[PDB]
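Written below as structure tokens is the structure these notes are about.
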Number of protein chains: 4
Amino acid sequence: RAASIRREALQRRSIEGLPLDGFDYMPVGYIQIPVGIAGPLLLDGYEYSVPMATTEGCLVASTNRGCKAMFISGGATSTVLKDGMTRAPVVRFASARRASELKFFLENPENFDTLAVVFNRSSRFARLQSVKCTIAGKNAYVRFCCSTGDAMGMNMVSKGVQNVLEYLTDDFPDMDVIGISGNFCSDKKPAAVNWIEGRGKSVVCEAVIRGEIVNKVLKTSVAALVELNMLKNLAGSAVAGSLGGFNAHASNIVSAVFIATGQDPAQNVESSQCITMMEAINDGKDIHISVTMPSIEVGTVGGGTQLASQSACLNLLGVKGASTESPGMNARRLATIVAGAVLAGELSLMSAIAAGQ
Amino acid sequence: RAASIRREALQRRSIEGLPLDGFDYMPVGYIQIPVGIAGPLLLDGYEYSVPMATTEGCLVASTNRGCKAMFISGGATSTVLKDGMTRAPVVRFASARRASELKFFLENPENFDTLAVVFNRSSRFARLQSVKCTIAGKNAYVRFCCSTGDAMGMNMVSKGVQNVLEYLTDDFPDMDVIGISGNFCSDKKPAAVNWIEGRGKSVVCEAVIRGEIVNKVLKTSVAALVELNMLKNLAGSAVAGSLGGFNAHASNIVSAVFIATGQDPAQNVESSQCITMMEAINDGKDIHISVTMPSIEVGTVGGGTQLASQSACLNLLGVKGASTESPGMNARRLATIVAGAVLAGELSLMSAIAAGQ
Amino acid sequence: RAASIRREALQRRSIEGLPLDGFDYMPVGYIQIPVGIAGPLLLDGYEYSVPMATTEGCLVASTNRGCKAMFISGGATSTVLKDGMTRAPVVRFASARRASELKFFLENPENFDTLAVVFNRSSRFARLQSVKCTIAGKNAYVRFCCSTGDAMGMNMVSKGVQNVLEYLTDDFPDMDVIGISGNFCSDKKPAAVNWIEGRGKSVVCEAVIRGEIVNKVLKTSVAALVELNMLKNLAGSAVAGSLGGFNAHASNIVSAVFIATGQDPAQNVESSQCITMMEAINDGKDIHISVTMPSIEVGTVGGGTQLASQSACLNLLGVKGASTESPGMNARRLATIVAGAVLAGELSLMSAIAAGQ
Amino acid sequence: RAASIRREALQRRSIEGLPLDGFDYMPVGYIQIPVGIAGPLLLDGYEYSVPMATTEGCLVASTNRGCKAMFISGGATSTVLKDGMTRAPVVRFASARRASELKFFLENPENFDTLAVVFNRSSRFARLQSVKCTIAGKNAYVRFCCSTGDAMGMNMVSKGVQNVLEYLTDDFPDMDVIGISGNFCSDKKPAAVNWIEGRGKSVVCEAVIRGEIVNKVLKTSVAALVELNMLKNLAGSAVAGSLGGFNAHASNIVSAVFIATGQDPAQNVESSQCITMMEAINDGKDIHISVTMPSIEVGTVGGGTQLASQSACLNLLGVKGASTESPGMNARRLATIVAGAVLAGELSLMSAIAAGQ
Ligand SMILES: O=C(O)C[C@H](O)C[C@H](O)/C=C/c1c(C2CC2)nc2ccccc2c1-c1ccc(F)cc1
Ligand SMILES: O=C(O)C[C@H](O)C[C@H](O)/C=C/c1c(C2CC2)nc2ccccc2c1-c1ccc(F)cc1
Ligand SMILES: O=C(O)C[C@H](O)C[C@H](O)/C=C/c1c(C2CC2)nc2ccccc2c1-c1ccc(F)cc1
Ligand SMILES: O=C(O)C[C@H](O)C[C@H](O)/C=C/c1c(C2CC2)nc2ccccc2c1-c1ccc(F)cc1
């Protein structure tokens with residue numbers, strides 16, 4: 001209604017193509033990104049039609065060729081290694097010695113259940129896992145890690161940090177809270193702390209392609225792919241001084257799935273973090289392929305996940321909304337689907353390159 | 001038509017919310033992301049209504065508060081430092097000594113005009129700027145850099161690499177082209193080569209906020225902001241082992257503008273690269289604020305830029321399509337608008353945090 | 001005797017300057033590095049004459065000027081944040097799922113006392129602190145961390161890894177031990193895992209210089225130094241894409257002390273890791289200066305620590321040999337002396353630069 | 001004489017072992033490090049007895065086993081890729097736009113011969129190669145690169161920076177020189193700018209070991225070594241978030257040679273930067289092994305190179321003093337000897353690990 005009057009305000013230059021009617025509502029319209037399907041992606045038993053919101057189009061095709069090569073090869077096996085969202089306030093004291101005392105306090109086992117109880121009023125779903133106090137001079141970067149059910153859970157983890165931050169004025173009234181975020185989290189930035197430590201769902205996803213299928217179907221060899229993986233994704237990314245960028249195009253696939261399933265597209269910068277491994281097995285006859293992804297940040301609940309169209313795309317994958325089984329399970333399964341689509345993407349583009357030789 | 005029949009194929013589980021009718025066309029539908037406006041953004045003289053495709057909504061508001069604080073403070077001044085898209089094939093020889101000879105050849109000035117002529121049949125718009133051969137053992141990572149007009153120009157730079165790669169079999173028939181990309185570019189990955197060297201448009205954007213406006217309007221002080229910038233964006237990102245992540249949330253703003261203007265959302269991982277500087281000036285009375293962004297990768301031509309809705313959003317900014325003035329100027333101006341919206345974003349969220357103390 | 005005959009073998013070109021007589025003994029001689037003294041370094045109460053083995057000479061002077069400025073300013077306060085040496089074997093399995101099972105096993109609390117008992121036959125002094133299994137495809141990088149008394153303790157931690165690696169063939173006979181080191185430790189290399197996680201003694205060291213002393217003695221101001229620290233050591237090292245290099249010259253001081261006290265000079269690459277913080281305190285009247293150093297790797301026992309000359313230099317500092325008080329205390333105190341000399345070094349050179357303006 | 005009286009001052013606690021007599025002279029004594037020989041190292045035709053100053057002793061043995069395996073395998077071939085020492089002042093202006101104008105000025109070709117003439121009064125040997133102005137907000141980090149003959153040449157490059165910095169007050173009187181170093185050089189710190197760009201001598205060194213020698217002599221296989229190189233030195237260093245640390249122990253060998261030849265042992269942090277490549281050649285029959293080292297910083301002239309003992313060690317290698325042939329050639333040849341000894345070190349320890357399986 002108003003958003004309709006606000007559009008004519010702006011043209012009084014033309015924003016004519018931008019549709020207004022079609023979406024249920026400071027909005028001035030909406031853009032449209034077409035959705036392609038990659039599948040079947042055979043993953044931990046189940047088949048998935050992977051929705052990919054993208055303009056490219058040759059990317060849906062490329063991810064498709066990868067899902068097929070894995071479909072006839074046994075499919076993919078994902079393993080969730082760690083599941084927990086993080087927020088890291090920077091606080092400070094008058095001294096590093098004093099700041100150290102907050103560290104040793106927070107990192108004492110015997111204090112945990114108290115810090116936990118305080119943190120977990122943040123919601124029904126907040127369950128604090130750990131606290132890592134990093135000291136730099138008289139400043140402390142306190143990394144809180146917690147499970148958050150099927151929500152990506154950034155407000156939740158913040159309600160909880162503030163709970164423990166208020167509770168801490170009892171013992172530490174000299175503490176100055178400089179920021180609710182000190183970039184030690186690290187949110188929507190590439191950071192070693194996320195690579196080393198994990199942020200959100202840390203996933204590994206693997207498949208074995210048989211020599212016969214690498215020749216007949218990918219029109220390359222086991223040895224050519226193992227070598228191209230070492231020279232491009234490992235030695236190449238190393239020579240370029242990459243952080244977490246030891247892969248061919250995880251970012252294309254992660255972005256496309258994120259935008260279709262209504263994730264935060266800015267969290268794609270650390271969610272795209274990936275090492276691609278390609279290892280000759282069975283006296284060089286077959287290839288073991290994996291993606292290891294320490295910081296896939298997704299939810300099936302909240303944000304853009306509950307818009308009509310994005311909701312339809314989660315529902316296709318059967319992860320729409322909170323888990324009935326147990327809270328967190330739909331968000332965990334979404335992460336493995338991303339790791340699986342990434343693995344297919346790596347295999348397709350890595351074969352295309354190696355085959356082109 | 002077919003895409004309509006393909007949707008029912010998939011439900012034979014429900015993808016009901018996903019709209020089908022509304023977009024002109026393997027598409028199975030399209031998703032809808034609402035567009036907010038941040039402005040006026042006063043930048044290098046002109047005012048802009050900045051389209052931001054996002055679900056958050058508090059992000060459009062936050063970027064708005066920043067554009068206003070800069071509107072009453074003189075507005076922002078952008079400077080384009082470097083403009084050129086890169087592709088880096090990995091080739092190899094039997095020896096490092098032999099690979100060195102390709103390096104010293106390519107990097108000889110007197111060879112450039114020949115390599116240029118060969119490269120520039122890629123299109124009317126391809127103009128090769130440089131070639132940087134990095135040797136690792138007997139492998140060479142040859143970074144080609146070229147201007148590409150108003151197209152982001154990744155196909156163009158590839159047509160050109162292949163031109164020079166074929167031409168090189170004259171002098172180097174022993175060369176094996178292992179990959180058209182060796183991850184030394186580095187495309188859709190965070191890499192030191194992009195931070196150090198630049199990729200696409202390298203922009204700096206700056207404003208001065210007066211003490212009076214920092215107190216009256218941002219409800220903080222000059223000293224509080226300079227300090228929070230050092231502890232969060234500099235010392236914080238350092239303690240976290242960040243690469244290019246010396247900022248608060250460039251990624252939120254870059255993503256939102258990228259998705260609205262039909263850019264490649266996976267290029268957000270290196271386009272979000274940013275150092276935020278906040279420096280007390282005029283005997284501590286005022287604050288100089290900047291973003292330095294070495295790798296903003298955008299075009300106003302091709303890909304998703306020519307869909308109805310994304311086109312309407314570029315046209316709002318007056319950068320839609322190729323430059324009349326001269327090829328490249330619309331893509332350059334789009335980059336500065338991104339740097340300007342990022343600066344507003346940094347100022348808003350950095351003030352909100354500092355003010356909260 | 002033989003080493004004397006072996007020298008003439010080599011000249012049959014002249015190695016005449018290289019002394020032979022003077023050292024008690026495949027040695028062919030010995031080189032001589034002159035030792036300077038920086039002090040008094042007033043640190044956690046005590047005064048130290050800091051031995052610095054260096055050719056420069058202007059470096060001993062520069063470190064001296066820093067120790068004096070801190071002597072009249074109250075001296076330095078060190079805090080040991082973490083103390084533990086690490087070794088990280090790479091092992092592998094046929095699958096990532098299988099490799100995950102070693103991770104979840106090792107990282108189960110209830111298994112720790114068993115892994116501990118097995119590990120701690122390595123010596124009287126080996127006390128295992130933790131095990132962090134990082135999975136990459138079907139490979140596992142198992143980071144063992146342990147206290148090792150006053151020895152730097154790299155053989156000790158290795159005897160212990162092999163203990164747990166043999167013990168693991170019970171439950172994991174399918175495990176292949178690919179290497180006793182998989183570069184995830186990371187020994188004598190700069191690595192994010194050491195910055196984020198710590199390796200050996202993690203130290204913070206701090207002093208307050210009064211406005212009066214910054215003007216009268218360092219011939220600069222509080223504001224000039226805070227600013228130069230932000231532009232050089234923080235924004236500068238960031239623009240350069242530094243890892244752990246957020247300081248002016250920790251490496252000069254660490255090297256000089258390491259070579260004099262008979263440490264391993266190749267461990268200087270991660271022992272020099274340092275963030276220098278300089279913060280205005282007391283309404284801008286005074287400056288809080290610190291070094292935070294996550295990976296100082298030293299011992300007072302074994303290796304070159306027990307040569308005549310290197311031993312004399314440890315004995316000057318009163319840390320020579322194993323701790324009577326309790327095992328580890330001399331190696332811990334040596335680390336704080338290094339952090340203190342580094343802080344003096346930073347203050348001296350950072351003042352010299354700022355004063356030169 | 002005085003240094004003799006200064007020793008008794010300090011004991012009035014015992015520094016008895018530290019020798020006083022034996023060295024020609026604020027010195028209070030000297031320490032002694034024993035020198036071992038690794039060789040013959042067969043490199044670019046010539047044989048070398050490589051002096052290694054180290055306490056370990058098992059390290060000289062390990063480097064010896066590598067030199068022998070290469071002696072019977074054809075020896076090593078080094079290639080110098082780039083030769084130039086760098087200093088990077090941070091200067092600033094009132095604006096980024098203004099700072100940009102210094103960048104575009106300095107980086108204009110037509111200005112170079114003038115900047116060169118000004119720079120090159122620094123000495124007979126200073127020959128300026130390039131200037132790279134990096135802008136961050138209103139600050140500029142100007143990387144000067146120059147040849148410096150056989151001196152490591154850090155004073156020389158500084159005399160030259162100051163020459164151009166004074167000359168710049170003509171055109172840029174508004175410039176503030178904040179520091180003669182802004183950590184963008186980056187001296188005695190690990191930095192992406194050194195990895196990407198090079199600092200001092202950038203060397204590649206390669207050898208081919210035949211299947212027969214890998215079995216008979218190194219007691220492993222071609223395939224085992226290629227694999228261990230990928231899992232340890234590449235995937236391992238990547239998982240650890242390494243910068244320039246894509247090798248097993250370059251730092252051990254670089255340190256040992258640096259200390260014996262009187263180099264600056266603090267420059268070992270960036271001189272140890274290394275990617276180790278191991279590639280199966282000749283239908284998997286043989287192994288191509290290399291080290292690529294972008295920042296070996298050495299001189300044969302000045303500093304500790306002209307002490308009796310360190311001089312004797314350079315003279316063994318035939319690189320002592322300035323080049324007769326042409327200035328720089330002895331310092332260049334020393335770098336290749338370091339790269340060669342590193343390659344031998346990698347081969348020995350990498351074989352020992354792989355063979356242990
Ligand atoms: O390679 C990288 O470092 C990442 C890459 O840039 C991301 C980009 O979206 C992918 C581009 C791409 C694709 C896209 C379908 C995803 N398909 C191909 C099929 C056959 C042969 C090459 C390609 C290339 C392709 C074409 C030219 C290249 F130089 C590289 C890849
Ligand atoms: O801070 C960072 O490292 C990046 C951040 O995570 C990205 C995130 O999209 C921003 C979250 C955010 C916002 C969003 C409008 C963009 N607005 C605020 C307004 C007042 C106070 C805090 C915030 C926070 C906010 C709330 C809680 C926090 F912990 C941090 C920021
Ligand atoms: O600055 C850095 O990034 C690290 C530096 O390179 C390490 C080097 O050993 C130090 C060089 C140095 C020294 C040495 C005594 C340690 N003293 C000075 C005193 C007054 C003014 C400058 C200096 C400089 C000095 C001279 C010229 C410079 F460009 C920088 C520092
Ligand atoms: O591996 C790394 O990441 C680097 C390493 O730490 C540096 C260290 O100076 C080397 C230690 C070393 C050596 C030294 C002679 C240099 N020799 C061996 C011979 C046979 C088998 C193992 C080793 C190990 C050795 C022993 C135990 C290990 F865990 C690793 C290497």
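Quick note on naming: the chains in the structure tokens go A, B, ... in the order shown, residues restart at 1 in each chain, and ligands are numbered from 1 in order of appearance.
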
Would you name the residues within 6 Å of ligand 1, counting only C-alpha atoms and all ligand atoms, and put them as a count of residues only?
13

Excluding stretch 343-347 of chain D and residues on its chain fewer than 5 positions from it, collect all residues at most 8 Å away from it, counting only C-alpha atoms, and give them as a PyMOL selection string.
chain D and resi 62-67+70+205-206+247-250+253+276+289-291

Compute the set of chain C residues within 6 Å of chain D, using only C-alpha atoms, and express it as a PyMOL selection string.
chain C and resi 13+15+17-18+26-36+55+179+182-184+188-193+232+236-237+240-242+245+251-252+255+266+269+304+308-309+312+316+353

Using backbone DSSP assignments, extract all strand (DSSP E or B) residues from stretch 32-221 of chain A; output them as a PyMOL selection string.
chain A and resi 32-43+46-53+76-87+90-92+127-136+139-147+151+176-179+191+200-210

Need to verify the contact set: residue A:45, 10 Å, only C-alpha atoms, exclusion of same-chain residues closer than 5 positions in sequence. Can you return it as a short mmCIF file (atom, residue, chain, number, x, y, z; two decimals) with N, CA, C and O atoms, in the first residue's frame?
data_model
loop_
_atom_site.label_atom_id
_atom_site.label_comp_id
_atom_site.auth_asym_id
_atom_site.auth_seq_id
_atom_site.Cartn_x
_atom_site.Cartn_y
_atom_site.Cartn_z
N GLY A 74 27.61 -44.54 -5.82
CA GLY A 74 27.25 -44.89 -4.43
C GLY A 74 26.65 -43.73 -3.67
O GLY A 74 26.10 -43.96 -2.57
N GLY A 75 26.78 -42.51 -4.20
CA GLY A 75 26.37 -41.28 -3.50
C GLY A 75 27.38 -40.83 -2.46
O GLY A 75 28.43 -41.47 -2.32
N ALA A 76 27.04 -39.77 -1.72
CA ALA A 76 27.97 -39.06 -0.81
C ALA A 76 27.69 -39.45 0.63
O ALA A 76 26.55 -39.70 0.96
N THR A 77 28.71 -39.42 1.47
CA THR A 77 28.54 -39.61 2.93
C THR A 77 29.04 -38.36 3.66
O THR A 77 30.27 -38.09 3.63
#

Would you please extract all alpha helix (DSSP H) residues from stretch 189-319 of chain B, as assigned by DSSP on the backbone, and give them as a VMD selection string?
chain B and resid 192 to 197 211 to 216 222 to 228 235 to 239 250 to 260 268 to 271 308 to 316

Would you output that residue set with C-alpha atoms, as a compact mmCIF listing (two decimals), in the first residue's frame?
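Dumped to result_18.txt:
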# COMPACT_ATOMS: atom_id res chain seq x y z
CA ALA B 192 46.28 -12.43 -0.19
CA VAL B 193 46.96 -11.88 -3.95
CA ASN B 194 43.61 -9.90 -4.20
CA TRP B 195 44.29 -7.90 -0.94
CA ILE B 196 47.92 -7.03 -1.94
CA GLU B 197 47.38 -6.78 -5.74
CA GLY B 211 32.63 16.62 16.69
CA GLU B 212 29.21 18.41 16.90
CA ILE B 213 27.50 15.78 14.66
CA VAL B 214 29.34 12.84 16.40
CA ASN B 215 27.89 14.11 19.77
CA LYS B 216 24.50 15.55 18.67
CA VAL B 222 35.41 11.18 18.24
CA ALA B 223 37.70 9.39 20.78
CA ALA B 224 35.23 6.52 21.53
CA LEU B 225 34.90 5.71 17.75
CA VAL B 226 38.69 5.95 16.96
CA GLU B 227 39.26 3.54 19.91
CA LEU B 228 36.42 1.09 19.03
CA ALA B 235 43.35 -5.41 16.88
CA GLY B 236 40.20 -7.58 16.92
CA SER B 237 40.45 -8.79 13.31
CA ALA B 238 44.27 -9.30 13.86
CA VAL B 239 43.74 -11.48 17.04
CA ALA B 250 31.12 -4.55 4.65
CA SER B 251 29.71 -8.01 3.65
CA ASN B 252 26.07 -7.15 4.68
CA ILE B 253 26.08 -4.00 2.48
CA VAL B 254 28.08 -5.41 -0.52
CA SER B 255 25.77 -8.56 -0.57
CA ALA B 256 22.54 -6.47 -0.41
CA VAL B 257 23.61 -4.10 -3.26
CA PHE B 258 25.09 -7.05 -5.30
CA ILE B 259 21.84 -9.09 -5.17
CA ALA B 260 19.63 -5.98 -6.04
CA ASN B 268 30.86 -11.06 -2.47
CA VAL B 269 33.63 -13.14 -0.69
CA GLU B 270 36.45 -10.99 -2.16
CA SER B 271 34.28 -7.88 -2.93
CA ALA B 308 13.87 -6.66 -15.51
CA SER B 309 14.10 -6.10 -11.71
CA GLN B 310 17.94 -5.98 -11.24
CA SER B 311 18.08 -3.58 -14.29
CA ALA B 312 15.51 -1.24 -12.60
CA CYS B 313 17.87 -1.05 -9.53
CA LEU B 314 20.98 -0.13 -11.62
CA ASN B 315 18.84 2.41 -13.49
CA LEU B 316 17.86 4.01 -10.11

Nearby residues (only C-alpha atoms) at most 7 Å from residue D:156, same-chain spacing under 2 positions excluded, as a PyMOL selection string:
chain D and resi 122-123+126+153-154+158-160

Using only C-alpha atoms, which residues sit within 7 Å of stretch 296-298 of chain C once same-chain residues fewer than 6 positions away are excluded, as a list in words?
residues 152, 199, 200, 201, 202, 263, 267, 271, 331 and 335 of chain C

How would the residues just chosen look if you wrote them out with N, CA and C atoms as a PDB file, in the first residue's frame?
ATOM      1  N   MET C 152      62.278 -27.678  26.601  1.00  0.00           N
ATOM      2  CA  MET C 152      61.401 -27.250  25.486  1.00  0.00           C
ATOM      3  C   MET C 152      60.529 -28.446  25.065  1.00  0.00           C
ATOM      4  N   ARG C 199      51.346 -21.977  21.413  1.00  0.00           N
ATOM      5  CA  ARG C 199      52.298 -23.108  21.370  1.00  0.00           C
ATOM      6  C   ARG C 199      53.451 -22.771  22.311  1.00  0.00           C
ATOM      7  N   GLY C 200      53.687 -23.601  23.320  1.00  0.00           N
ATOM      8  CA  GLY C 200      54.676 -23.296  24.372  1.00  0.00           C
ATOM      9  C   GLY C 200      54.089 -22.275  25.327  1.00  0.00           C
ATOM     10  N   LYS C 201      54.869 -21.271  25.737  1.00  0.00           N
ATOM     11  CA  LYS C 201      54.398 -20.263  26.710  1.00  0.00           C
ATOM     12  C   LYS C 201      53.712 -19.110  25.949  1.00  0.00           C
ATOM     13  N   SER C 202      52.416 -18.912  26.200  1.00  0.00           N
ATOM     14  CA  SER C 202      51.622 -17.728  25.779  1.00  0.00           C
ATOM     15  C   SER C 202      51.725 -16.666  26.878  1.00  0.00           C
ATOM     16  N   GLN C 263      68.726 -21.356  22.933  1.00  0.00           N
ATOM     17  CA  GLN C 263      67.438 -21.879  22.402  1.00  0.00           C
ATOM     18  C   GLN C 263      67.662 -22.313  20.951  1.00  0.00           C
ATOM     19  N   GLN C 267      63.066 -21.685  15.881  1.00  0.00           N
ATOM     20  CA  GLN C 267      61.776 -21.584  16.623  1.00  0.00           C
ATOM     21  C   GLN C 267      61.443 -20.115  16.869  1.00  0.00           C
ATOM     22  N   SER C 271      58.150 -17.860  17.661  1.00  0.00           N
ATOM     23  CA  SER C 271      58.359 -17.305  19.019  1.00  0.00           C
ATOM     24  C   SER C 271      58.294 -15.788  18.937  1.00  0.00           C
ATOM     25  N   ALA C 331      61.531 -22.133  32.834  1.00  0.00           N
ATOM     26  CA  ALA C 331      61.237 -22.013  31.388  1.00  0.00           C
ATOM     27  C   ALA C 331      60.142 -20.961  31.205  1.00  0.00           C
ATOM     28  N   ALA C 335      60.468 -17.146  29.446  1.00  0.00           N
ATOM     29  CA  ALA C 335      59.490 -16.642  28.448  1.00  0.00           C
ATOM     30  C   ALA C 335      59.085 -15.189  28.777  1.00  0.00           C
TER      31      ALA C 335
END

Between atom CA of residue D:85 and atom CA of residue D:198, what distance in Å does the model show, to one decimal?
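Taking atom CA of residue D:85 as the start and atom CA of residue D:198 as the end point, the length is 8.8 Å.
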
The distance between atom CA of residue A:121 and atom 31 (C, counted along the ligand's line) of ligand 2 is 19.8 Å
